[PDB]
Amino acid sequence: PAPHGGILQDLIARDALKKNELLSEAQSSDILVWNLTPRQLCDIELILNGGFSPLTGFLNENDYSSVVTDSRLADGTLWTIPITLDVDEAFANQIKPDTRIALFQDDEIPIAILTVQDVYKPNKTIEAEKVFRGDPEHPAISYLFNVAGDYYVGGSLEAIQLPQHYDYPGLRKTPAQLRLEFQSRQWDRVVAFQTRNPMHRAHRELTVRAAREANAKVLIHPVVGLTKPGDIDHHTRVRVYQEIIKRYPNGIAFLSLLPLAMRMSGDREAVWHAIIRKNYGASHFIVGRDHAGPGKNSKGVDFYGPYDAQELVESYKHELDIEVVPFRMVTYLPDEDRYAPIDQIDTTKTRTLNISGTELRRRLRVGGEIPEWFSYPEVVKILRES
């Protein structure tokens, strides 16, 4: 399908012919330099590779304000999560419109040149309330107030190179690369699966079922960048994904890593995910229960309703030109030796076998056996005493 906004803003491709010139400038002694923070590095990779199309830079206050209150850029284009370059007060004081800033990675690798449009002090309370629902315990709000700089710098970017990664080379396909991969296989219908956790037999079954019902193929698109605090190590997860994809039906699935910095912003994040996956070439997107949700706060109160994400994305589906596929968990039916959607099993006389996240975690820590009906032996081994 077409990128969000119609154009894949692959700035690496756009500025390829001026890389030497931009690199030279970024290394000059007179240019202002900003060392990107971990979250900014994830965000900038997705802006530069077109993952955040139509974005071509960090949001100026005009667009930021519209995103915060109306979930749209100033021109009306759907966009739910503000992507801004947050800096400290002193740095903001040295900036003025038209100032060109060299953005670096690890204070040594030139990533891009930002042409400043504005520098402003956002009202973070409004951002926390409108974008993240206001609970002080929400991961995005804690980040917003404690870690994020208090000043935002809006501006357009010119690309030099994508952030450098030293893990799993070639596994982070860009939107252009994935789109070509799909086209090369004549995959016009692709259902994307978001995850920041390991995958078991049930996930293999639900994604395969989703693909078959939609007459499409499967894109396992796990996040490897910034996920939820306490998640399984990224190396363990990647090994799990590489192994489990081998268990999929002949030529129905493809695996690629997404270097996204999740905000754990529930429904708004689910819409953002749909946009991102559309930019990466997907036609369908699975939306889970409490999709991208932080769970419950200290008082046992859910940050988001379980179906808020599904409902919000469904409401924007026509505008996004993407199809929403509700996450349909499957379970194992021993009396029929088959897998079926938990929904399919009405409150009647039907037995099922399951292993809770709690039981799984505890068995893995004591070397307890895990049944094959729950997960493939090769996958379990990877999670074993990890």
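Residue positions are given as counts along the sequence shown, with the first one as 1.
- For the two regions 157 to 165 and 208 to 216, the entry's Cα B-factors average higher over 208 to 216.
- For the segment pair 3 to 11 and 377 to 385, the entry gives 377 to 385 the higher mean B-factor, averaged over Cα atoms.
- Highest C-alpha temperature factor among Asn62, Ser53, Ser29, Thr331, as the PDB entry reports it: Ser29.
- Per the PDB entry, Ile252 shows the highest C-alpha temperature factor of the residues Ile113, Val287, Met262, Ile252.
- Per-chain ranking of the deposited C-alpha B factor places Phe91 in the middle third.
- When the modelled residues of the chain are ordered by their C-alpha B factor, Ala128 lands in the lowest third.
- Ranked against the other modelled residues of its chain, the C-alpha B-factor of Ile342 as given in the entry falls in the highest third.
- For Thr348, the recorded CA B-factor ranks within the highest third of the chain. Only modelled residues enter the ranking.
- Placement of the Cα temperature factor of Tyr248 within the chain: highest third of the modelled residues, per the deposited record.
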